[PDB]
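Shown here is one chain on its own, the form deposited in one PDB entry, set out as structure tokens.
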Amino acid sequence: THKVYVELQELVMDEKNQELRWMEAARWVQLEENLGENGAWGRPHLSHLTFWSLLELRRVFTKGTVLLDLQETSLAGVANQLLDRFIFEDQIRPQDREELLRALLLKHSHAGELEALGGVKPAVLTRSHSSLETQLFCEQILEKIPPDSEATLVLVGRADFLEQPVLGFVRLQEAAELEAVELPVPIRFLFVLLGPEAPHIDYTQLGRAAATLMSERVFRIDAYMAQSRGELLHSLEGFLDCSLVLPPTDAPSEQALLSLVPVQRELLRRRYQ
């Protein structure tokens, strides 16, 4: 059994060079901390999920490409095997493989490099508004991470060429320090969510949902012991069974969340049963 550090990256371009790359969006250690503009992490908070993010997460996980016990120690090899499996399960077309590989092997720069760039803007991959969490918590690590920790990387991007959104779940045979993508702790799991623009599909929220799912203890244990996609799907159904949806109400916010405590406690009890 291991703890987890989930890092969520997104496809952006810098302003200075106009070069496509991967930017950290949020990280999960014990609570979600989002990276706002000017390169400062926001106040830690629980991960809250939109309904559409979980709906689309289940939709892409049901048909998702899963590579359990994959023997690769580099991001290039993981991406190569993942794209081959994407072609094999008819997720992506063989013409898309080269451009998806070029996207997945870009520079994964970090928070400190944001000031070196001087600005970062979202992006859509091509052949050839601000986030709610950023608006609420970002308008204003190594010590926290346990030593026996295995990292999870969630890669999220939008590609115009892709005809449908695709999920790729990769579990390495052994944890690896990917020289392409540096993290405090070695990487074991890998989420890849790529897709065309689509209604009710916010890819940042999709990556948030995947990272929150990986942060959950029951699903993390199940994904460690999973030997097929069906076990992961069963764990996801259990995760959604114990999820609590809060509809829009006019009640006071603190009273609304305090009154949900008995029900959410019962749901946690059901989750750990």
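Residue positions are given as counts along the sequence shown, with the first one as 1. Shifts are known only where both forms have a C-alpha. Whichever C-alpha set is largest while still superposing within 1.5 Å between the two forms counts as the rigid core.
This next part talks about the form deposited in another entry, which is not shown.
Novice: Superpose on the rigid core, then report which one of 123, 83, 181, 162 has a CA displacement of at least 2 angstroms between this form and the one not shown.
Specialist: Meeting the 2 Å or more criterion is only 181.
Novice: At a 2 Å cut-off on C-alpha positions, does residue 251 qualify as shifted between this form and the one not shown after fitting the rigid core?
Specialist: Yes, residue 251 moves 2 Å or more.
Novice: Once you account for a change of 3 Å or more, let me know if residue 180 and residue 57 sit closer or farther in the other entry, using their C-alpha atoms.
Specialist: Those two alpha carbons end up closer in the other entry.
Novice: Based on a C-alpha change of 3 angstroms or more, tell me if residue 205 and residue 253 lie closer or farther in the other entry than in the shown form.
Specialist: Compared with this form, residue 205 and residue 253 lie farther apart in the other entry.
Novice: Tell me which consecutive stretches, at least 3 residues long, show Cα shifts of 2 angstroms or more between this form and the one not shown after the core superposition.
Specialist: Residues 179 to 184, 250 to 259 form the shifted runs.
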